[PDB]
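One structure below.
Protein chains: 2
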Amino acid sequence: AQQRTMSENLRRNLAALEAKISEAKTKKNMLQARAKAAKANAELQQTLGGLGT
Amino acid sequence: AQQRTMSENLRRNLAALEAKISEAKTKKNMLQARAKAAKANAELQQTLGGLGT
Ligand SMILES: Nc1ncnc2c1ncn2[C@@H]1O[C@H](COP(=O)(O)OP(=O)(O)O)[C@@H](O)[C@H]1O
Ligand SMILES: Nc1ncnc2c1ncn2[C@@H]1O[C@H](COP(=O)(O)OP(=O)(O)O)[C@@H](O)[C@H]1O
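Residue numbers (the entry's author numbering), protein chains in the order written: chain A, 109 to 161; chain A', 109 to 161. A prime marks a further copy of an entry chain.
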């Protein structure tokens, strides 16, 4: 009984941990995409911006 | 739902970026052509211009 309720609580902690890491991975990739989008936008702002070389 | 609307906005940004780059490429080539036309015109202005060697 002690091992089963211990293991159950630990399993709950494992599930929570995994869910949070899955979230973090999703958020990390969309930030990479938005960063790359910003970089692309900057290069167009440069070439098609004002005057210069 | 969050991933789909995020991805949709990012896809819109990608489409806009690509359209602007396609435009830039078109404009770049017609400028190369007009530059080369000007250079050709200059060589005729030289040979068939005034006096000299
Ligand atoms: N004569 C110019 N006109 C506009 N931009 C220039 C010029 N010369 C250089 N730049 C470059 O283009 C960028 C224009 O600044 P930015 O804030 O993007 O323009 P805006 O304030 O109109 O959005 C600057 O970072 C600068 O490095
Ligand atoms: N005697 C000359 N008459 C005309 N052009 C000359 C003469 N000697 C040299 N050139 C060259 O030909 C060019 C004539 O100048 P340009 O402004 O093209 O003529 P226009 O003002 O009649 O259009 C000059 O760049 C110059 O280098």
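Note that beta-carbon positions come from the ideal geometry of N, C-alpha and C, so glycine has one too.
The closest heavy atom of ligand 1 lies less than 6 Å from the beta carbon of residue 160 (chain A). In terms of side-chain proximity, the C-beta atom of residue 157 (chain A') is found no nearer than 6 Å to any non-hydrogen atom of ligand 1. Cβ proximity to chain A' below 8 Å picks out 134, 138, 141, 142, 145, 148, 149 from the region 120-150 of chain A. For residue 152 (chain A), the nearest CB of chain A' lies under 7 Å from its own CB, placing it at the interface with that chain.
Here DSSP, grouped into helix, strand and coil, assigns residue 155 (chain A) to helix.
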